[PDB]
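J.: Below you'll find the sequence and an experimental structure to go with it.
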Amino acid sequence: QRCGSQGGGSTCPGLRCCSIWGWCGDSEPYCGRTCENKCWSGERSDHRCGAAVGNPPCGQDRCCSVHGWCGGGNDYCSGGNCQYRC
């Protein structure tokens, strides 16, 4: 859906990346070089995520677990184990 500067200012459902064209998605054109907000380059240096730290993004192929950390794999990215960017 629409987001960011071109899209009306919304944040994406599931905290996905917003591209510079104002659309949400989860691959390179949204999250990498042409990303506007909630980008892969925006993961905290402490790897924390979730509402206590303001729902920051996780990096490439990393998801935010229900425990509150970004990581790769089933532990972080699978159904029940993952809160956002799954």
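T.: Great, that's in hand. Numbering: from 1, shown residues only.

J.: Flag every buried residue along stretch 23-33.
T.: Buried residues in stretch 23-33, counted by 16 or more other C-beta atoms under 10 Å: 23-25, 30-31. (C-beta placed from N, C-alpha, C; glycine too.)

J.: Show me these that map onto helices.
T.: Among the buried residues of stretch 23-33, the residues falling in helices (DSSP state H) are 30-31.

J.: residues in contact with the most centrally placed residue in the chain?
T.: Nearest to the mean C-alpha position of the chain, counting by C-alpha atoms, centre = their mean, stands residue 57 at 3.8 Å. Each residue near residue 57 by C-beta atoms under 8 Å, 6 or more residues apart in numbering is listed here: 15, 17, 31, 38-40, 42-43, 49, 85.

J.: cool, and residue 36?
T.: So residue 36 contacts 3-5, 17-20, 22 (C-beta under 8 Å, 6+ apart).

J.: got it, and residue 53?
T.: Residue 53 makes contact with 44, 68, according to C-beta under 8 Å, 6+ apart.

J.: any idea how far residue 18 is from it?
T.: From residue 53 over to residue 18 the distance is 19 Å, taken as C-beta to C-beta, to the nearest Å.

J.: The residue nearest to the centre of the chain falls within a strand, correct?
T.: No - going by DSSP: H, G, I helix; E, B strand; the rest coil, the assignment for residue 57 is coil, not a strand.

J.: what about the helices in the chain?
T.: 4-7, 28-31, 74-77.

J.: got those as a markdown table, with distance to residue 66 columns?
T.: Output for the helices of the chain, formatted as a markdown table (distance: least, C-beta to C-beta, whole Å):
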| stretch | distance to residue 66 |
| --- | --- |
| helix 4-7 | 27 |
| helix 28-31 | 22 |
| helix 74-77 | 9 |
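
J.: returning to what we had before: and the contacts of residue 57, which are buried?
T.: Applying 16+ other C-beta under 10 Å to these flags 15, 17, 31, 38-40, 43, 49, 85 as buried.

J.: Show the backbone phi and psi for the residue nearest to the centre of the chain.
T.: Residue 57 adopts backbone torsions of phi -70, psi 170, taken as degrees, to the nearest 10.
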